[PDB]
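Accompanying notes for the structure given below.
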Amino acid sequence: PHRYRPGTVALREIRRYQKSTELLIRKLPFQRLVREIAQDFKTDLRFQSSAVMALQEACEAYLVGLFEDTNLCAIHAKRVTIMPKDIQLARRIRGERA
Amino acid sequence: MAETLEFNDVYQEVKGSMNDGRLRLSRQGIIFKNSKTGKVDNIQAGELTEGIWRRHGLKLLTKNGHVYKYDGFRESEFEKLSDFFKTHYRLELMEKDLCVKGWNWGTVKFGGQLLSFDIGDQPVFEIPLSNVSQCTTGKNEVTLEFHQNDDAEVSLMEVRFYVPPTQXXXXXXXXXXXXXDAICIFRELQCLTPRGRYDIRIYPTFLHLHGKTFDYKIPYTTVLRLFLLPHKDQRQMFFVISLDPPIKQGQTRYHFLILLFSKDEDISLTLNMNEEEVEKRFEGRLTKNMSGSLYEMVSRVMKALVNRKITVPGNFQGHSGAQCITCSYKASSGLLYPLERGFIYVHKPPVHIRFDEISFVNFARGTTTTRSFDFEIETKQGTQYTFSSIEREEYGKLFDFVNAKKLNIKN
Amino acid sequence: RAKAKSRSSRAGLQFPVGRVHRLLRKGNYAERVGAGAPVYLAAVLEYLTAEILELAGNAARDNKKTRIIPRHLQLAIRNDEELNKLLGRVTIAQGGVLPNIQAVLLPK
Amino acid sequence: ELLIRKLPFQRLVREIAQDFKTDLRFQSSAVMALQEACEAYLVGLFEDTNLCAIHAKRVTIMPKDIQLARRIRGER
Amino acid sequence: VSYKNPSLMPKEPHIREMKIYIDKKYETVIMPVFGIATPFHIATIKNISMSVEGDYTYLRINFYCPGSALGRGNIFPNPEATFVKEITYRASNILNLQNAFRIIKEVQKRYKXXXXXXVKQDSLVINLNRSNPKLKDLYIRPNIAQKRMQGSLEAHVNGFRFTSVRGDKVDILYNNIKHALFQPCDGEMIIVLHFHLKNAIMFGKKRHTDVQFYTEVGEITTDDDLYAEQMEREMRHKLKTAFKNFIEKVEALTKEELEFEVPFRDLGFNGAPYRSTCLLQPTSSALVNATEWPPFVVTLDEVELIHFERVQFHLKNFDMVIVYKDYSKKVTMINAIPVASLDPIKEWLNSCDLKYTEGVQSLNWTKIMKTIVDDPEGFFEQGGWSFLXXXXXXXXXXXXXXXXXXXXXXXXXXXXXXXXXXX
Amino acid sequence: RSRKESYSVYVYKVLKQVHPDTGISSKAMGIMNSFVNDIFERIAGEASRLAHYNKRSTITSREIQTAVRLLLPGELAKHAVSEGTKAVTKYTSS
Amino acid sequence: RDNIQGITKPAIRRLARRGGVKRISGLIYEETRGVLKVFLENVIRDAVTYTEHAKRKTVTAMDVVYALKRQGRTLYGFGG
Amino acid sequence: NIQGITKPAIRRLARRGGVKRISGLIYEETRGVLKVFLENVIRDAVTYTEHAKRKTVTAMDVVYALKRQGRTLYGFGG
DNA sequence: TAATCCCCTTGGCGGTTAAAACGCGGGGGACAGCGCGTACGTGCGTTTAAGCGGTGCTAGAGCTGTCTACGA
DNA sequence: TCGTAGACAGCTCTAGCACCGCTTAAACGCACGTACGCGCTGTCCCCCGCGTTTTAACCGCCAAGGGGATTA
């Protein structure tokens with residue numbers, strides 16, 4: 001029908017999302033990369049399920065505060081579109097990678 | 001009567017501060033030799049229309065259309081040149097001084113060869129369209145682009161105007177002068193100077209940015225140097241061209257043609273020249289149908305256009321093996337590439353500094369680790385520019401490379 | 001022994017103070033520990049967790065529902081003041097996010 | 001090295017204590033460490049904000065630069 | 001004009017050598033228009049700047065035109081003549097272009113020094129009468145010099161005269177003052193008789209309107225006795241009673257014609273109309289912030305209505321719009337207002353007789369003035385100041401009909417009940 | 001059923017003294033049982049270093065409450081001070 | 001094998017809208033992948049050492065306890 | 001009191017911070033942030049002395065204070 | 001503390017629908033440019049209070065007997 | 001139920017504590033030219049919006065196994 005006004009669709013999206021919590025990420029498409037990464041450190045390392053579940057929680061948990069920090073950086077930038085500049089700058093505040 | 005006259009020192013104004021020539025007279029017209037180039041122009045009695053004595057020389061108007069702006073004369077040349085003239089012409093010189101009001105209100109007349117502008121029967125200029133190079137219009141912009149043929153003194157570059165709407169008109173005969181195969185044609189060019197996405201085709205003595213809003217030319221004379229530089233992630237590549245003069249919008253200047261390519265710029269090209277003719281022009285190098293990395297594929301053609309060598313990014317691996325680092329400079333933090341003979345600062349602005357032109361360099365320190373080092377460079381022209389935000393390993397790589405360039409570090 | 005009249009019953013509370021001091025003798029943080037030191041912290045925890053549950057019941061009234069969900073917790077703690085600054089670095093399992101919409105993200 | 005002069009600083013530092021507990025004595029020596037910790041949480045406290053101003057593309061500074069990075073530091 | 005004669009020459013014959021030139025006494029630039037050395041009156045010229053690359057410079061000179069003399073009123077006697085806007089010269093450095101470029105700005109200074117703007121009030125009738133209101137320890141702000149001027153104030157049958165120590169007389173008429181107000185030194189730094197004029201009168205260096213007279217009650221020295229506070233009481237109370245008697249003397253001459261209203265510090269708040277949070281106070285006809293320099297004196301009579309700004313969560317400091325009656329007077333924003341003083345200022349508006357509005361929203365206020373100075377009812381054609389209020393828009397749906405949760409919710413609940421203990 | 005000495009049951013009572021009927025996710029019961037230990041540790045290690053600083057091998061409740069004054073802000077800190085104080089003096093009365 | 005691309009652009013977008021942002025730019029994707037996986041590796045590295053300290057052959061959730069103890073980024077309720 | 005934070009001392013910090021144009025409200029802005037940074041490090045120091053039951057305050061108080069602050073630097077044997 | 005095991009992890013999968021990806025249509029928002037007015041930095045007079053040399057000044061940190069009482 | 005860490009005096013003594021001059025280097029404020037913040041822009045452009053294809057990720061169901069928990 002009428003393609004929707006800008007933002008209004010995404011406003012309904014974020015209103016749908018701010019209540020919700022559960023995983024936006026699949027299990028085995030994530031697990032496959034995780035087991036791939038773990039073998040690079042060392043072979044012969046099995047996983048349990050629940051640790052991977054908690055890590056799939058924890059990675060999203062790390063990313064989401066980063067996302068809102070990046071959003072506040074765009075609020076500073078006063079532009080609708082997101083920017084690659086900010087994250088490094090956020091890490092320039094966070095002292096993560098130098 | 002007398003048959004000639006001579007002044008080997010008098011000028012004639014040709015498009016700015018043109019220097020001396022050689023007045024010679026004759027009983028039908030004028031033999032003006034150039035004392036610079038030996039160029040002799042001749043005027044006869046069938047040509048004479050007008051001459052008026054201003055602030056000083058024969059400011060003549062003939063039936064060649066020409067505006068003979070002779071100058072470098074003394075005051076009573078008004079007599080003695082007229083002493084050669086007196087018998088025939090039926091023309092004397094007024095003391096005009098066409099206008100000295102300094103008041104803007106007048107009318108422009110498109111001259112048949114010139115461009116006159118009047119303040120109520122009192123004009124200020126009658127300028128031929130040879131004196132302009134190119135021209136754009138606007139509202140109310142009237143752009144008269146003046147490119148000097150290299151006089152070291154004062155040279156006019158641009159005069160724009162308040163012309164009213166030119167109701168039922170425009171810059172008509174203003175835009176009526178000199179006209180300034182496509183060898184190859186490009187598609188989807190990520191333009192950075194100016195910003196946008198336009199294309200450039202390749203013309204016999206120049207090139208052309210074809211675009212949607214603007215449309216620009218790239219002469220083979222105006223180039224200075226092929227620069228070939230990457231992005232530091234090597235996902236992109238910086239296609240920069242050292243140029244002189246910059247191109248303008250009237251407001252900004254484009255000293256360096258900056259373009260952005262990716263690493264993915266990989267396609268075949270087909271040159272619109274014959275297989276003997278590609279090396280009749282190229283000489284054994286650039287064939288009709290080559291391919292590959294367009295950042296290199298285009299620039300191979302660009303080298304044979306410039307007939308000048310390749311600027312290569314250095315092998316200096318700074319922090320994390322990167323070939324550069326960013327630094328805070330001029331409302332921006334941009335990368336600084338080391339080179340064979342210089343440094344280049346992307347992006348806004350592009351600033352190149354050669355090694356030899358540097359007088360010295362110096363540092364400045366805060367106390368904490370977080371990029372407290374503040375590094376400035378003073379050139380031999382007296383100018384010094386300051387580039388902050390340097391870490392300690394960045395200082396190690398920097399300081400070692402500067403010492404490898406044996407540069408005067410004031411400390 | 002006799003009747004197990006608890007030290008915690010002599011504190012009138014719930015936490016296993018003898019087992020708490022047993023846990024204290026695991027990390028073994030000094031050669032001796034005062035007897036009220038397991039009492040004091042257990043009292044503190046039983047106090048503060050009760051306030052946490054009191055706020056969680058308020059959030060359940062906000063939910064108008066029955067079972068406490070983990071999304072209530074950011075509804076409690078990320079709406080709190082002393083705990084929110086106090087547990088800022090703490091990430092919350094299945095906590096959700098707070099409803100935080102910017103006014104610049106709104107139309108004319 | 002050192003920017004803040006001693007006595008108007010340290011009289012105000014001693015002025016803080018009565019809000020917590022009045023009538024207390026102090027090392028003169030401890031005050032210098034407080035100066036160091038102060039100027040420690042001054043310069044790096046300013047550098048990030050200068051990075052915000054260059055992300056603001058400005059020569060001057062604003063409190064929007066101030067309040068942002070402290071939240072990005074997790075201070076508030 | 002630039003010149004009148006060919007014999008009105010440049011000060012040097014330049015086109016034999018092609019050198020730049022300014023004629024100062026005729027106030028004109030003389031530049032070759034491709035060899036045509038033409039003069040130009042400075043009053044027809046905007047400005048000048050410089051760029052350079054290598055040694056090759058570029059001196060742009062913008063000239064006055066519609067677009068430069070205006071935005072494209074005219075004191076310029078032709079609407080539709082062809083003008084110029086700018087020129088741009090290029091030379092190099094083997095110099096004087098910059099050295100004459102620096103001479104240009106003070107020519108702009110000397111012209112507008114020569115061509116300035118040109119309030120002369122009536123000469124105050126000094127009368128050394130019986131009830132002559134005179135008072136001591138009186139300082140003026142703004143001062144005659146940059147130094148803080150000392151003297152006494154002497155009220156007369158038609159106004160005030162701040163006779164300085166030097167004898168300088170400050171004639172302040174009855175019809176000049178709009179808002180004569182008095183703030184006591186009650187927990188203050190001064191005790192001020194402000195006299196908000198209606199005419200910026202020329203004295204000292206400038207033409208001033210908000211002029212105040214004050215007596216400091218400060219405390220901080222940089223050189224437990226209970227006589228220091230009692231000496232402070234002697235300097236405050238036992239002198240402010242004589243200050244009230246001076247109020248009685250100046251109103252033994254006005255008889256409350258030129259009033260001195262009481263501050264409302266119960267309604268006074270540390271807000272920022274001059275973008276610095278000082279103690280505003282209402283009076284009987286003026287919300288005044290004359291406690292510090294400069295004094296904010298607003299006429300409450302010329303206020304159409306009041307829009308409260310930033311009436312929203314997490315805003316302890318909010319703002320307010322003084323929607324004036326005279327929209328030609330620029331709308332000022334009283335800022336950093338406490339939330340506790342919301343309803344007190346509202347009740348003050350109920351005493352100010354204004355049906356007010358609130359909001360969080362903001363817009364370009366000069367744009368709203370240009371909307372409303374074209375027609376005093378034309379912004380009232382937009383619903384008036386109900387445009388401040390919302391009006392929503394059309395859409396598809398809110399689409400939150402199935403706003404539910406886990407129908408198959410988790411069975412995590414009562415763990416157990418079987419338990420025991422030890423020691 | 002996972003018979004380890006996480007607490008999980010005093011919670012199961014002290015809700016019922018403030019909300020006698022409210023269901024709970026046992027997930028959140030585990031959240032709080034972890035949360036107990038999460039503050040137990042930051043009491044314990046800092047109590048250890050404070051017992052080191054005076055060079056005193058004993059840890060009584062003043063050593064607890066000083067770390068409490070460190071670790072908890074304001075009036076709820078003072079409330080916890082009062083509630084621990086009344087309990088310690090209650091076992092002093094025993 | 002290419003499982004870094006296992007995270008999808010719309011899942012990235014649902015994270016961004018759960019992150020509560022307004023407009024997408026497609027450049028952020030691999031950036032976020034790199035910022036993600038390296039921090040993951042920072043966790044995984046000393047996480048391996050914990051099971052090696054337990055001398056076992058299988059990763060448990062006791063590992064991420066001490067991992068977040070090193071991070072100061074702890075969750076709750078995950079002792080089992 | 002807090003007015004003793006002189007603008008040129010602020011500019012010494014700002015040019016040590018490498019900032020050249022500085023807004024005037026930042027002067028009064030940072031003064032409260034100073035006190036915020038003070039009060040945490042002073043409160044636990046008071047707590048340290050009260051636990052140490054003394055009349056005087058040491059720099060070891062600052063040592064153990066900045067440890068809890070996560071704001072630990074060194075320079076005087078610690 | 002060496003056997004024992006059963007209580008956890010795994011290779012690839014039958015089914016098939018909600019989710020992932022390219023593209024066509026079209027539209028939404030950055031952005032460098034044009035002024036244009038403006039406030040903090042520089043030069044400088046002025047204050048002037050602060051670092052330091054010196055006073056008199058006394059109450060608090062520190063370790064040694066001691067014998068003991070709450071944790072072990 | 002034996003034990004030793006530490007609170008209660010006690011001496012030492014000394015690290016500060018509060019001022020008065022010297023003087024002398026550091027901050028306040030007046031005046032001012034200006035580099036830069038700010039409003040309107042216009043132009044191109046880069047994701048919505050499905051459209052269509054696809055496609056692969058997850059439930060029911062299979063056995064295979066394996067290594068950490070669990071018992072004197």
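Each chain of the structure tokens is named A, B, ... in the order shown, its residues numbered from 1; ligands are numbered from 1 in display order.
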
Output as JSON lines one row per residue of chain E within 12 Å of chain J: the closest atom pair and its distance in Å to one decimal place, counting only C-alpha atoms (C1' of nucleotides), sorted by chain and residue number ascending.
```
{"residue": "E:102", "atom": "CA", "partner": "J:33", "partner_atom": "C1'", "distance": 11.5}
{"residue": "E:105", "atom": "CA", "partner": "J:33", "partner_atom": "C1'", "distance": 9.5}
{"residue": "E:106", "atom": "CA", "partner": "J:33", "partner_atom": "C1'", "distance": 10.6}
{"residue": "E:109", "atom": "CA", "partner": "J:33", "partner_atom": "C1'", "distance": 11.4}
{"residue": "E:145", "atom": "CA", "partner": "J:30", "partner_atom": "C1'", "distance": 11.0}
{"residue": "E:146", "atom": "CA", "partner": "J:30", "partner_atom": "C1'", "distance": 7.7}
{"residue": "E:147", "atom": "CA", "partner": "J:30", "partner_atom": "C1'", "distance": 10.1}
{"residue": "E:223", "atom": "CA", "partner": "J:20", "partner_atom": "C1'", "distance": 11.8}
{"residue": "E:364", "atom": "CA", "partner": "J:39", "partner_atom": "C1'", "distance": 9.5}
{"residue": "E:366", "atom": "CA", "partner": "J:39", "partner_atom": "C1'", "distance": 11.0}
{"residue": "E:367", "atom": "CA", "partner": "J:39", "partner_atom": "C1'", "distance": 10.4}
```

Please save N, CA, C and O atoms of the selected residues as a short mmCIF file (atom, residue, chain, number, x, y, z; two decimals), in the first residue's frame.
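What landed in result05.cif:
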```cif
data_model
loop_
_atom_site.label_atom_id
_atom_site.label_comp_id
_atom_site.auth_asym_id
_atom_site.auth_seq_id
_atom_site.Cartn_x
_atom_site.Cartn_y
_atom_site.Cartn_z
N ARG E 102 46.74 45.79 4.88
CA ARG E 102 46.61 46.16 6.28
C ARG E 102 46.20 47.62 6.48
O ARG E 102 45.83 47.98 7.60
N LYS E 105 41.64 48.41 6.72
CA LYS E 105 40.66 48.28 7.79
C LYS E 105 40.52 49.56 8.60
O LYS E 105 39.41 49.92 9.00
N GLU E 106 41.62 50.28 8.81
CA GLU E 106 41.48 51.53 9.53
C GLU E 106 40.90 52.63 8.67
O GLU E 106 40.40 53.60 9.21
N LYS E 109 37.54 52.15 9.53
CA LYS E 109 37.35 52.72 10.86
C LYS E 109 37.19 54.24 10.79
O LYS E 109 36.29 54.80 11.42
N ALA E 145 33.73 57.31 33.60
CA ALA E 145 34.95 56.75 33.06
C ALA E 145 34.90 55.23 33.20
O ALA E 145 33.88 54.66 33.60
N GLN E 146 36.00 54.56 32.85
CA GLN E 146 36.08 53.13 33.13
C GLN E 146 36.27 52.88 34.62
O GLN E 146 35.87 51.84 35.13
N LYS E 147 36.86 53.85 35.32
CA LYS E 147 36.96 53.77 36.77
C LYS E 147 35.59 53.97 37.40
O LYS E 147 34.70 54.59 36.82
N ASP E 223 43.12 40.77 54.18
CA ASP E 223 44.11 41.59 54.87
C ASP E 223 45.37 40.81 55.22
O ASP E 223 46.48 41.35 55.17
N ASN E 364 12.83 29.02 15.70
CA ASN E 364 13.55 30.27 15.45
C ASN E 364 12.64 31.44 15.77
O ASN E 364 11.63 31.65 15.09
N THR E 366 13.15 34.78 15.88
CA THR E 366 13.15 35.89 14.92
C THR E 366 12.38 35.54 13.66
O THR E 366 11.79 36.42 13.03
N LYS E 367 12.36 34.25 13.29
CA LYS E 367 11.49 33.80 12.21
C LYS E 367 10.02 33.95 12.58
O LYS E 367 9.20 34.32 11.74
#
```

Selection near residue I:46, 12 Å with only C-alpha atoms (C1' of nucleotides), sequence-local residues under 2 positions removed, as a ChimeraX atom specification: /E:147 /I:44,48 /J:27-30

May I have the selected residues written with N, CA and C atoms (P, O5', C5', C4', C3', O3' and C1' of nucleotides), as a PDB file, in the first residue's frame?
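The resulting file, out14.pdb, is shown below:
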```pdb
ATOM      1  N   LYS E 147      36.865  53.846  35.319  1.00  0.00           N
ATOM      2  CA  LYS E 147      36.963  53.772  36.766  1.00  0.00           C
ATOM      3  C   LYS E 147      35.592  53.972  37.400  1.00  0.00           C
TER       4      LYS E 147
ATOM      5  P    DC I  44      52.437  45.430  24.828  1.00  0.00           P
ATOM      6  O5'  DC I  44      51.530  45.999  26.017  1.00  0.00           O
ATOM      7  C5'  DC I  44      50.524  46.967  25.742  1.00  0.00           C
ATOM      8  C4'  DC I  44      49.705  47.268  26.984  1.00  0.00           C
ATOM      9  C3'  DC I  44      50.518  47.437  28.276  1.00  0.00           C
ATOM     10  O3'  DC I  44      50.219  48.689  28.885  1.00  0.00           O
ATOM     11  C1'  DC I  44      48.671  46.000  28.618  1.00  0.00           C
ATOM     12  P    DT I  48      43.614  44.547  45.090  1.00  0.00           P
ATOM     13  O5'  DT I  48      43.814  42.961  45.018  1.00  0.00           O
ATOM     14  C5'  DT I  48      44.875  42.414  44.237  1.00  0.00           C
ATOM     15  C4'  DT I  48      45.848  41.647  45.113  1.00  0.00           C
ATOM     16  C3'  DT I  48      46.065  42.240  46.508  1.00  0.00           C
ATOM     17  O3'  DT I  48      46.044  41.209  47.478  1.00  0.00           O
ATOM     18  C1'  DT I  48      48.138  41.944  45.431  1.00  0.00           C
TER      19       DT I  48
ATOM     20  P    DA J  27      48.536  32.999  37.364  1.00  0.00           P
ATOM     21  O5'  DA J  27      47.330  34.004  37.674  1.00  0.00           O
ATOM     22  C5'  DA J  27      46.574  33.856  38.870  1.00  0.00           C
ATOM     23  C4'  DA J  27      45.763  35.106  39.166  1.00  0.00           C
ATOM     24  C3'  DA J  27      44.668  35.433  38.149  1.00  0.00           C
ATOM     25  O3'  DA J  27      43.537  35.969  38.826  1.00  0.00           O
ATOM     26  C1'  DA J  27      46.162  37.239  38.290  1.00  0.00           C
ATOM     27  P    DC J  28      42.099  36.033  38.109  1.00  0.00           P
ATOM     28  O5'  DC J  28      41.509  37.443  38.583  1.00  0.00           O
ATOM     29  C5'  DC J  28      42.369  38.575  38.674  1.00  0.00           C
ATOM     30  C4'  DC J  28      41.571  39.863  38.667  1.00  0.00           C
ATOM     31  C3'  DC J  28      40.413  39.883  37.688  1.00  0.00           C
ATOM     32  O3'  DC J  28      39.443  40.843  38.091  1.00  0.00           O
ATOM     33  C1'  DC J  28      42.165  41.281  36.893  1.00  0.00           C
ATOM     34  P    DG J  29      38.054  40.969  37.294  1.00  0.00           P
ATOM     35  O5'  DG J  29      38.306  42.175  36.273  1.00  0.00           O
ATOM     36  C5'  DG J  29      38.596  43.475  36.773  1.00  0.00           C
ATOM     37  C4'  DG J  29      39.090  44.389  35.666  1.00  0.00           C
ATOM     38  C3'  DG J  29      38.164  44.505  34.449  1.00  0.00           C
ATOM     39  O3'  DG J  29      38.065  45.869  34.048  1.00  0.00           O
ATOM     40  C1'  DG J  29      40.331  43.930  33.752  1.00  0.00           C
ATOM     41  P    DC J  30      36.819  46.383  33.172  1.00  0.00           P
ATOM     42  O5'  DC J  30      37.401  47.660  32.403  1.00  0.00           O
ATOM     43  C5'  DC J  30      38.806  47.882  32.380  1.00  0.00           C
ATOM     44  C4'  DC J  30      39.202  48.820  31.252  1.00  0.00           C
ATOM     45  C3'  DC J  30      38.172  48.983  30.149  1.00  0.00           C
ATOM     46  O3'  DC J  30      38.397  50.205  29.450  1.00  0.00           O
ATOM     47  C1'  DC J  30      39.986  47.658  29.375  1.00  0.00           C
TER      48       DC J  30
END
```

Contact check, chain B to chain I, at most 12 Å, counting only C-alpha atoms (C1' of nucleotides), closest pairs as CSV:
```
residue,atom,partner,partner_atom,distance
B:192,CA,I:32,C1',11.3
B:193,CA,I:32,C1',11.0
B:194,CA,I:32,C1',9.4
B:195,CA,I:32,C1',8.5
B:196,CA,I:31,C1',10.7
B:248,CA,I:33,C1',11.9
B:249,CA,I:33,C1',9.3
B:250,CA,I:33,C1',10.2
B:251,CA,I:33,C1',7.3
B:252,CA,I:33,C1',8.0
B:253,CA,I:33,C1',11.6
B:348,CA,I:32,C1',11.2
```

Interface list for chain A, partner chain G, 8 Å threshold, only C-alpha atoms, as number ranges by chain: A: 7, 10, 13-14, 17-18, 24-25, 29-30, 32-33, 36-38, 41, 44-48, 50-52, 54-55, 58-60, 63-65, 67-68, 71, 80-84

Export, as a tab-separated table (two decimals), in the first residue's frame, the selected residues with C-alpha atoms.
```
chain	number	residue	atom	x	y	z
A	7	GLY	CA	11.07	6.81	11.03
A	10	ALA	CA	11.39	2.27	12.73
A	13	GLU	CA	10.20	-1.26	15.47
A	14	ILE	CA	12.02	0.20	18.46
A	17	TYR	CA	12.00	-3.90	20.63
A	18	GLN	CA	12.39	-1.95	23.87
A	24	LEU	CA	18.11	-11.75	17.70
A	25	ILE	CA	20.94	-14.17	16.88
A	29	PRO	CA	25.33	-19.82	13.01
A	30	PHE	CA	26.85	-18.20	16.10
A	32	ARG	CA	29.94	-22.39	14.41
A	33	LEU	CA	32.06	-19.24	14.46
A	36	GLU	CA	35.94	-21.92	14.88
A	37	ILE	CA	37.54	-19.20	17.00
A	38	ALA	CA	38.23	-21.49	19.97
A	41	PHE	CA	43.53	-20.72	20.38
A	44	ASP	CA	40.46	-30.30	21.96
A	45	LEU	CA	38.10	-27.84	23.65
A	46	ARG	CA	34.46	-28.87	23.82
A	47	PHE	CA	31.66	-26.56	24.84
A	48	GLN	CA	28.58	-26.98	26.91
A	50	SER	CA	24.60	-23.07	28.54
A	51	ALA	CA	27.96	-21.30	28.51
A	52	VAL	CA	27.42	-20.56	24.83
A	54	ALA	CA	25.33	-17.00	28.32
A	55	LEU	CA	27.99	-15.81	25.91
A	58	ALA	CA	26.85	-11.37	26.93
A	59	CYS	CA	28.05	-10.39	23.47
A	60	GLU	CA	24.73	-8.71	22.70
A	63	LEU	CA	27.20	-4.49	21.95
A	64	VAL	CA	23.99	-2.77	22.97
A	65	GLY	CA	25.51	-0.20	25.33
A	67	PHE	CA	25.10	1.03	20.26
A	68	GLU	CA	23.47	3.62	22.47
A	71	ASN	CA	23.71	6.86	19.09
A	80	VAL	CA	20.14	11.12	11.15
A	81	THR	CA	22.69	8.70	9.74
A	82	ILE	CA	25.13	6.69	11.84
A	83	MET	CA	28.88	7.18	11.56
A	84	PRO	CA	31.92	4.87	11.55
```

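Minimum distance to residue B:147 across B:400, B:9, B:296, B:244 (counting only C-alpha atoms) occurs at B:244.
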
Exercise answer, chain D residues close to chain J, 10 Å and only C-alpha atoms (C1' of nucleotides), as a ChimeraX atom specification: /D:5,25-28,58-60

Between atom CA of residue E:15 and atom CA of residue E:99 - distance in Å to one decimal: 18.6 Å

Enumerate as a PDB file with C-alpha atoms, in the first residue's frame the residues belonging to chain F that approach chain G to within 9 Å, with only C-alpha atoms taken into account.
```pdb
ATOM      1  CA  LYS F  27      15.831 -17.623  37.057  1.00  0.00           C
ATOM      2  CA  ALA F  28      15.700 -14.418  39.116  1.00  0.00           C
ATOM      3  CA  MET F  29      16.186 -16.528  42.231  1.00  0.00           C
ATOM      4  CA  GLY F  30      19.484 -17.633  40.725  1.00  0.00           C
ATOM      5  CA  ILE F  31      20.175 -14.008  39.749  1.00  0.00           C
ATOM      6  CA  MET F  32      19.858 -12.968  43.368  1.00  0.00           C
ATOM      7  CA  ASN F  33      21.763 -15.992  44.684  1.00  0.00           C
ATOM      8  CA  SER F  34      24.677 -14.969  42.482  1.00  0.00           C
ATOM      9  CA  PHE F  35      24.092 -11.352  43.542  1.00  0.00           C
ATOM     10  CA  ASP F  38      28.852 -10.720  44.178  1.00  0.00           C
TER      11      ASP F  38
END
```

Point-to-point distance from atom CA of residue E:401 to atom CA of residue C:58, Å rounded to tenths: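 That distance, rounded to one decimal, is 24.9 Å.
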
Chain E residues near chain H (12 Å cut-off, only C-alpha atoms) as a ChimeraX atom specification: /E:220,275-277

Contacts between chain B and chain D, please, where a residue of chain D counts if it comes within 7 Å (with only C-alpha atoms); show its shortest atom pair and distance in Å to one decimal, rows by chain and ascending number, as a Markdown table.
```
| residue | atom | partner | partner_atom | distance |
| --- | --- | --- | --- | --- |
| D:44 | CA | B:368 | CA | 7.0 |
| D:54 | CA | B:331 | CA | 5.8 |
| D:57 | CA | B:331 | CA | 4.6 |
| D:58 | CA | B:331 | CA | 6.1 |
```

Would you write out those residues with N, CA and C atoms, as a JSON list (two decimals), in the first residue's frame?
```json
[["chain", "number", "residue", "atom", "x", "y", "z"],
["D", 44, "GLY", "N", 43.63, 14.35, 30.72],
["D", 44, "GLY", "CA", 42.89, 13.34, 29.98],
["D", 44, "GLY", "C", 41.40, 13.57, 30.05],
["D", 54, "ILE", "N", 36.56, 18.17, 18.00],
["D", 54, "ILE", "CA", 36.98, 17.93, 16.63],
["D", 54, "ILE", "C", 35.97, 17.03, 15.94],
["D", 57, "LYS", "N", 33.83, 19.37, 15.05],
["D", 57, "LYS", "CA", 34.51, 20.14, 14.01],
["D", 57, "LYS", "C", 34.63, 21.60, 14.41],
["D", 58, "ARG", "N", 34.82, 21.83, 15.70],
["D", 58, "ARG", "CA", 34.83, 23.17, 16.25],
["D", 58, "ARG", "C", 36.19, 23.48, 16.86]]
```

Please build the interface table for chain E against chain I with a cut-off of 10 Å, listing for each qualifying residue the nearest atom pair and the distance in Å to one decimal; count only C-alpha atoms (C1' of nucleotides), order rows by chain and increasing number, and write it as a Markdown table.
```
| residue | atom | partner | partner_atom | distance |
| --- | --- | --- | --- | --- |
| E:67 | CA | I:35 | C1' | 9.7 |
| E:68 | CA | I:35 | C1' | 9.6 |
| E:71 | CA | I:35 | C1' | 9.8 |
| E:222 | CA | I:49 | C1' | 7.9 |
| E:223 | CA | I:49 | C1' | 9.2 |
```

Please tabulate, as a Markdown table, the residues of chain A that come within 9 Å of chain J, each with its closest pair of atoms and the distance in Å to one decimal, counting only C-alpha atoms (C1' of nucleotides) and ordering rows by chain, then residue number upward.
```
| residue | atom | partner | partner_atom | distance |
| --- | --- | --- | --- | --- |
| A:3 | CA | J:49 | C1' | 5.9 |
| A:4 | CA | J:48 | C1' | 7.9 |
| A:5 | CA | J:48 | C1' | 8.9 |
| A:6 | CA | J:48 | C1' | 7.8 |
| A:9 | CA | J:48 | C1' | 8.9 |
| A:26 | CA | J:57 | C1' | 7.9 |
| A:27 | CA | J:57 | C1' | 8.9 |
| A:28 | CA | J:57 | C1' | 8.2 |
| A:29 | CA | J:57 | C1' | 8.5 |
```
